[PDB]
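Below you'll find the structure, written out as structure tokens, and then a few comments.
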Amino acid sequence: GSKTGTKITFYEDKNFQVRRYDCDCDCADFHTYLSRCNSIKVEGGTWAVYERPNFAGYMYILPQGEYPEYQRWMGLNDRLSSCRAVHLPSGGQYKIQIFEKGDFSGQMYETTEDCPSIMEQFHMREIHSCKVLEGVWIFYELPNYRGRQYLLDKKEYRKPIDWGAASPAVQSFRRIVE
């Protein structure tokens, strides 16, 4: 389709070296070309990488940006056994509704906007429920948009772990921009 979606490249080392590739596709696990993987290279689009095969395990988002080192992609332990392509949904409002309680109760905040530290704008250091929002938002464990991120697919986050979160520990967030 006289166009390109997104190109992901995984290498055992940094500087885009080793025995990596440079083609877009979908497979069970790129672990066939290289077990562990570090830095990456994305050209237009956000690729979703899972810790375990079958799109299962953690959730790392890589938006249009170059990552020569595992320090530029805010990684954890060069752990990746699965990869998939992700496209940004149409829109321009990005609305999120967070609940102080998991059972959708307490002080809830609604509205779009850039949020650096929740424990600042919303005065909350954690969230037990995020409920339905809009399009797709990224969750960061650490403030300033850092610490293993989480991809809020869909469904209803009845609990903090619902979005693959080991704990209700979650910071602010920010709309995705290509």
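Each chain in the structure tokens gets a letter, A, B, ..., in the order shown, and its residues are numbered from 1; ligands are numbered from 1 in order too.
Residues of region 90-166 of chain A that DSSP, applied to the backbone, places in helix (DSSP H, G or I): residues 118, 119, 120, 121, 160, 161, 162 and 163 of chain A.
Closest approach to residue 12 (chain A) among A:40, A:166, A:76, A:142: A:40, based on only C-alpha atoms.
By only C-alpha atoms, and with residues fewer than 6 positions from residue 175 (chain A) along its chain excluded, the set lying at most 9 Å from it is residues 94, 112, 113, 114, 136, 137 and 138 of chain A.
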Can I get the selected residues back with N, CA, C and O atoms, as a CSV table (one decimal), in the first residue's frame?
chain,number,residue,atom,x,y,z
A,94,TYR,N,-8.3,12.3,23.8
A,94,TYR,CA,-7.6,11.5,24.8
A,94,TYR,C,-8.2,11.8,26.2
A,94,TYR,O,-7.7,12.7,26.9
A,112,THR,N,-8.9,15.5,29.7
A,112,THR,CA,-7.6,15.3,28.9
A,112,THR,C,-6.6,16.3,29.4
A,112,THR,O,-7.0,17.3,30.0
A,113,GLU,N,-5.3,16.0,29.2
A,113,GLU,CA,-4.2,17.0,29.6
A,113,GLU,C,-3.0,16.2,29.9
A,113,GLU,O,-3.0,15.0,30.1
A,114,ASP,N,-1.8,16.9,29.9
A,114,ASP,CA,-0.6,16.3,30.2
A,114,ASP,C,-0.4,16.2,31.7
A,114,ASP,O,-0.5,17.2,32.4
A,136,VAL,N,-6.1,5.3,23.2
A,136,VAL,CA,-5.1,4.5,23.9
A,136,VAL,C,-4.1,5.4,24.7
A,136,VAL,O,-3.6,6.3,24.1
A,137,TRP,N,-3.9,5.1,26.0
A,137,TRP,CA,-3.0,5.9,26.8
A,137,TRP,C,-1.9,5.0,27.3
A,137,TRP,O,-2.0,3.7,27.4
A,138,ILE,N,-0.8,5.6,27.7
A,138,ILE,CA,0.4,4.8,28.2
A,138,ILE,C,0.5,5.1,29.7
A,138,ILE,O,0.4,6.3,30.2
Show me a table, sorted first by chain and then by increasing residue number, of the residues of region 58-152 of chain A having an atom at most 8 Å from region 48-52 of chain A, each with its shortest atom pair and the distance in Å to one decimal, counting only C-alpha atoms and written as a Markdown table.
| residue | atom | partner | partner_atom | distance |
| --- | --- | --- | --- | --- |
| A:58 | CA | A:51 | CA | 5.4 |
| A:59 | CA | A:50 | CA | 5.6 |
| A:60 | CA | A:49 | CA | 5.4 |
| A:61 | CA | A:48 | CA | 5.4 |
| A:62 | CA | A:48 | CA | 6.8 |
| A:79 | CA | A:51 | CA | 5.9 |
| A:80 | CA | A:51 | CA | 4.6 |
| A:81 | CA | A:52 | CA | 5.0 |
| A:82 | CA | A:50 | CA | 4.8 |
| A:83 | CA | A:49 | CA | 4.2 |
| A:84 | CA | A:48 | CA | 5.1 |
| A:85 | CA | A:48 | CA | 6.0 |
| A:86 | CA | A:48 | CA | 6.2 |
Nearest residue to residue 169 (chain A) from the set A:153, A:127, A:145, A:33 (distances using only C-alpha atoms): A:127
For residue 99 (chain A), work out the shell of residues within 9 Å, counting only C-alpha atoms and skipping chain neighbours fewer than 4 positions away, then give it as a PyMOL selection string. chain A and resi 103-109+127-131
Residue with smallest distance to residue 164 (chain A) - pool A:19, A:3, A:69, A:151, counting only C-alpha atoms: A:151
Using only C-alpha atoms, the best pick from A:146, A:177, A:37, A:32 as closest to residue 90 (chain A) would be A:177
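Candidate residues A:44, A:115, A:95, A:39 were compared for distance to residue 75 (chain A), and the nearest is A:39, using only C-alpha atoms.
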Ranking A:140, A:157, A:73, A:16 by minimum distance to residue 97 (chain A) and counting only C-alpha atoms, which one comes first? A:157
Applying 12 Å and only C-alpha atoms, which residues near residue 22 (chain A) remain after dropping the ones on its own chain fewer than 3 positions away? List them as a count of residues only. 14
Would you pick out the contacts of residue 117 (chain A) at 8 Å or less, using only C-alpha atoms, so that residues sharing its chain but fewer than 2 positions from it are not included, and give the list as a ChimeraX atom specification? /A:115,119-121,143-144,171-173
